[PDB]
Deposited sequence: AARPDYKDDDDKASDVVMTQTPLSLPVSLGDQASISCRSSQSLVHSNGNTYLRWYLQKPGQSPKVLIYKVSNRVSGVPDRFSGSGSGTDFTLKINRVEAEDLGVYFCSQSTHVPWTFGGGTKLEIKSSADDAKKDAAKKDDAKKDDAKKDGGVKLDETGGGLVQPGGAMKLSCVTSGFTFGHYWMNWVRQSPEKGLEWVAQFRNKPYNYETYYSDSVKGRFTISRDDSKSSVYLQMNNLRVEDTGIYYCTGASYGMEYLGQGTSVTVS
């Protein structure tokens, strides 16, 4: 039932100045009943956090050069990069947010912002069985019009969406990944423009960098992440 996002190729070697093309396919249509197709492309530079380059298939995040273009429809999507430069090098991910759970492709290795801020705190080291509360304080966007999420990253599983807390128009509904159901609880406070993640009964496999994200009208902003180690 979970939408599988498949990227090709896993690794894409290029020479500076060449054109690059990355494919992302979904296991089912990403066309939403509301008319939007919720497909994002991200770039993660080595050692840094993922940043959105393209949203709703083809919309370029302002600031991203015109050399980048997203295209496609339904289940078949493509990111094109003209005249590759050094700053473009890193891992590109696609993600779908039409269906819950939100899901990510496995990545392809190619080898401010209106004052928006999201700051994650609470990370650290705990032993299995332990608990930890992550907090995310935001500013620079009208929080009431955003769905807040927690997404995590590990070498073993890649990017994984784990929880969502919708806004008032969408009944403040919460959703969780099966991997954390019954253990993690996402909470939201509009007055403080903050979201929190209470993580109980932690396991080694919960180890990862945890990012808070704010999504609205197909766009998404992400924090720099906070590291959680369960050892």
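Peer 1: Would you flag the ranges of the deposited sequence that the structure leaves without C-alpha positions?
Peer 2: Several stretches lack coordinates - namely 1-13, 125-148, in sequence order.
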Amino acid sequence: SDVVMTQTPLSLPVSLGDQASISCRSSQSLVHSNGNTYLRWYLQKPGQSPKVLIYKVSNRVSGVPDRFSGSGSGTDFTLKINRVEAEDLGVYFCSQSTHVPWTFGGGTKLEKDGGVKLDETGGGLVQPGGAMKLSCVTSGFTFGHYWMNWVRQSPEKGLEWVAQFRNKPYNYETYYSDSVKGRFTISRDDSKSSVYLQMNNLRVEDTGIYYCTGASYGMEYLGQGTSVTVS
From here on, numbers count along this sequence of modelled residues.
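Peer 1: Name the higher of the two by mean Cα B-factor in the PDB entry, 46-54 versus 180-188.
Peer 2: Higher of the two, by average CA B-factor, is 180-188.
Peer 1: If you average the CA temperature factors over each stretch, which comes out higher, 203-211 or 10-18?
Peer 2: If you average the C-alpha B-factors of 203-211 and of 10-18, the larger mean comes out for 10-18.
Peer 1: From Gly106, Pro101, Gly115, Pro128, which pick has the Cα B-factor that tops the rest in the entry?
Peer 2: Largest recorded C-alpha B-factor: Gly115.
Peer 1: Which one, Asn171, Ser26, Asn36, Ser69, has the peak C-alpha temperature factor per the PDB entry?
Peer 2: Of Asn171, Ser26, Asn36, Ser69, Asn171 has the highest C-alpha B-factor.
Peer 1: Can you work out whether the C-alpha temperature factor of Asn149 puts it in the lowest, middle or highest third of the chain?
Peer 2: Ranked within chain, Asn149 CA B lands in the middle tercile.
Peer 1: Which third, lowest, middle or highest, does the C-alpha temperature factor of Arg60 belong to within its own chain?
Peer 2: Within its chain, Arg60 is a highest-third residue by C-alpha B-factor, going by the deposited values.
Peer 1: Which third of the chain does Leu30 land in by C-alpha B-factor: lowest, middle or highest?
Peer 2: It falls in the bottom third of the chain.
Peer 1: Sorting the chain's CA B-factors, does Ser97 end up in the lowest, middle or highest third?
Peer 2: Bottom third by C-alpha B-factor.
Peer 1: Considering every modelled residue of the chain and its Cα B-factor in the PDB entry, is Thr138 in the lowest, middle or highest third?
Peer 2: Tercile = middle for this residue's CA B-factor.
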